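In structure tokens, the next block holds one chain alone, the form deposited in one PDB entry.
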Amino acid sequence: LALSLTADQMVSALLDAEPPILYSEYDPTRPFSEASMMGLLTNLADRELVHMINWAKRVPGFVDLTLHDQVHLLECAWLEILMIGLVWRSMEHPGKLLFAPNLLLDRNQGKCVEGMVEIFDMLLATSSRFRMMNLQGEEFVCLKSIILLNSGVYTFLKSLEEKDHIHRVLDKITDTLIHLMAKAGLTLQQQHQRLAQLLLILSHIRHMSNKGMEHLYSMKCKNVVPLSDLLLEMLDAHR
């Protein structure tokens, strides 16, 4: 079914599948601490994961995979996906990260948590890049779906037409990106250049997820914030 989709149908399917923007439990009267900020981000991320799981099922081609393959891809990509979502929501808020509509943090507040500001800075820079590029919503949902299908595709462990299927869906999403750009009036040259610009950001998003995962692990060890059962299992998947 996924491969029988036209570019427009691919875009309409991805747009419709978009998860809602969740609120945090941020009480603006409560003075921040390292514990409460980590508590807020963890609480938010945990609720977002449930929506992410049901989102992934609506990504064309994803449910064609075995359940074990689905589990692997989400284990690999979950923080990348949270982070690109975060960067996207923050585009029109220079110097701030919109974790939720009621939780807009700047780098100064990031320093509430030891070692987090460096990651805030990288996220802010990615948001800046999106803004400079004038990233469109249609391009964003393509990119987020690319992350889901790509990030774990070389760490699976017979079949392999399952991986070949993933690569064909990936190609269809490339087709879709180019289609969006051609429709926006970009020349062929401009189309390939923008495609490259967008996919190269995914390297930086991988980097931030890697650094983020290490930081998260140090938080679990230091008993700063109790992670949720799901988050614990998603974190343990990287070790």
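Residues that one form lacks are left out of the comparison. Rigid core: the largest C-alpha set superposing within 1.5 Å between the two forms. One rule holds for the numbers: they count along the sequence shown, beginning at 1.
The same protein also has a form deposited in another entry, omitted here; what follows describes it.
When the rigid core is held fixed, the Cα atom of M219 travels 2 angstroms or more between the shown form and the other one. The rigid-core alignment places the CA of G185 less than 2 Å apart between the shown form and the other one. In a rigid-core overlay of the protein, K57 has its C-alpha displaced by under 2 Å between the shown form and the other one. One change in that other deposited form concerns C221 and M116, whose Cα atoms lie at least 3 Å closer than in this form.
One change in that other deposited form concerns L44 and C221, whose Cα atoms lie at least 3 Å closer than in this form. Moving regions between the shown form and the other one, defined as 3+ consecutive residues each with a CA shift of at least 2 Å after core superposition, lie at 29-32, 218-222.
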